[PDB]
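Now for the letters of each chain:
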Amino acid sequence: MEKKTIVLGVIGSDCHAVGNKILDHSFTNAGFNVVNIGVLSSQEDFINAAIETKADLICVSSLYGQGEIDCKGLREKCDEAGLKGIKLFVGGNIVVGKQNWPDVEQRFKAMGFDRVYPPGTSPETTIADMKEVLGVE
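Per the PDB entry, the protein chain is named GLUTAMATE MUTASE, and its organism is Clostridium tetanomorphum. Note on the protein chain: under the UniProt heading Cofactor, the record states "adenosylcob(III)alamin". Under the UniProt heading Sequence similarities, the entry covering the protein chain gives this text: "Belongs to the methylaspartate mutase GlmS subunit family."

What follows is the structure, encoded as structure tokens:
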């Protein structure tokens, strides 16, 4: 519930000249276990890194570099049910497009067990990482 295993990949909370801050409210945040999963999103190799964290909040700020394969890879990590991380947060996802976004996650977000980060993340997004992923918002 009050899980302390947040793992972030690819881009993320660093601040890629967002012009806000550094985005130090996702790193430690609640002083929980801060671990990096790595680039790409490769859920299979990150299953071995799930032994490490065993992240409840599996986030990858992968701009479709994960692909719809590895997107459906984390659906299989949930549908694994062996390893937790039923709640994912799909950072980036596509590019600039929220209001009337693609048919990609129109159907994949139909289930949308995960949330999505805007094309210009803020910690308002990770306010929701730690919110909905504790259990509910």
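Q: Looking at this model, I keep getting lost on the packing of aromatic side chains. Mind explaining?
A: One pair of aromatic rings is described through two measures. These are the centre distance and the angle between the planes. Tallied over the full model, the rule gives one aromatic pair. Geometrically, the ring pair formed by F89 and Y117 is edge-to-face, given 4.6 Å between the ring centres and 65 degrees between the ring planes. Here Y117 lies in the loop between β5 (115-116) and α5 (129-132) and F89 lies in strand β4 (residues 87-92), a separation of 28 residues in the sequence. The same class applies to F89 as to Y117, namely buried.

Q: Can you help me understand the sheet that holds strand β1 (residues 5-10) in this one?
A: By definition, the strands of a sheet pair up through backbone hydrogen bonds, in either a parallel or an antiparallel sense. Sheet architecture is open: five strands sit in the order β2-β1-β3-β4-β5, paired in parallel fashion. On the outer flanks of this sheet lie β2 (33-38) and β5, each paired with one strand and no other. The pairing of strand β3 (residues 57-62) with β4 spans six bridges and is parallel. If you follow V60 over to β4, its bridge partner there is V90.

Q: Is there a simple way to explain the pairing of β4 in this structure?
A: The side chains of a regular strand alternate between the sheet's two faces. For β4, the tally of buried residues reaches six of six residues, placing the bulk of the element in the interior. Pairing analysis gives two bridges linking β4 to β5, with the strands arranged parallel. The residue bridging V90 from the neighbouring strand is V116, located in β5. Handedness of the crossover joining β4 and β5 through helix α4 (residues 104-111) is recorded here as right-handed.

Q: Just to check I follow, could you spell out the UniProt feature "domain: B12-binding" in the protein chain for this structure?
A: As annotated by UniProt and renumbered to match this structure, "domain: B12-binding" occupies residues 3-137. Across residues 3-137 one finds 21% helix and 19% strand; the C-alpha atoms that close the span lie 15 Å apart.

Q: Can you help me understand the state of the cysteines in this one?
A: By definition, a disulfide is the covalent link that joins the sulfur atoms of two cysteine residues. By the definition in use, this model includes zero disulfides. Sulfur of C15: no disulfide; nearest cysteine sulfur belongs to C59 and is 18 Å away. No disulfide involves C59; its sulfur sits 13 Å from the nearest other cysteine sulfur, which is in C71. Given the relative accessible area of 3%, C59 is considered buried.

Conventions and cut-offs
Residues numbered from 1 in each chain as written, not as in the entry; some residues may be left out. Heavy atoms only, no water. UniProt positions renumbered as here; feature names shortened; annotations may be inferred. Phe/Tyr/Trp six-rings, centres within 6.5 Å; stacked < 30°, edge-to-face > 60°. Helix = DSSP H or I, 4+ residues; strand = E, 2+ residues; numbered from the N terminus. Buried < 20%, exposed > 50% of the residue type's maximum accessible area, 1.4 Å probe, protein only. Pairing = 2+ DSSP bridges. Right-handed = clockwise from strand over helix to strand, strands pointing away. Disulfide = S-S within 2.5 Å.

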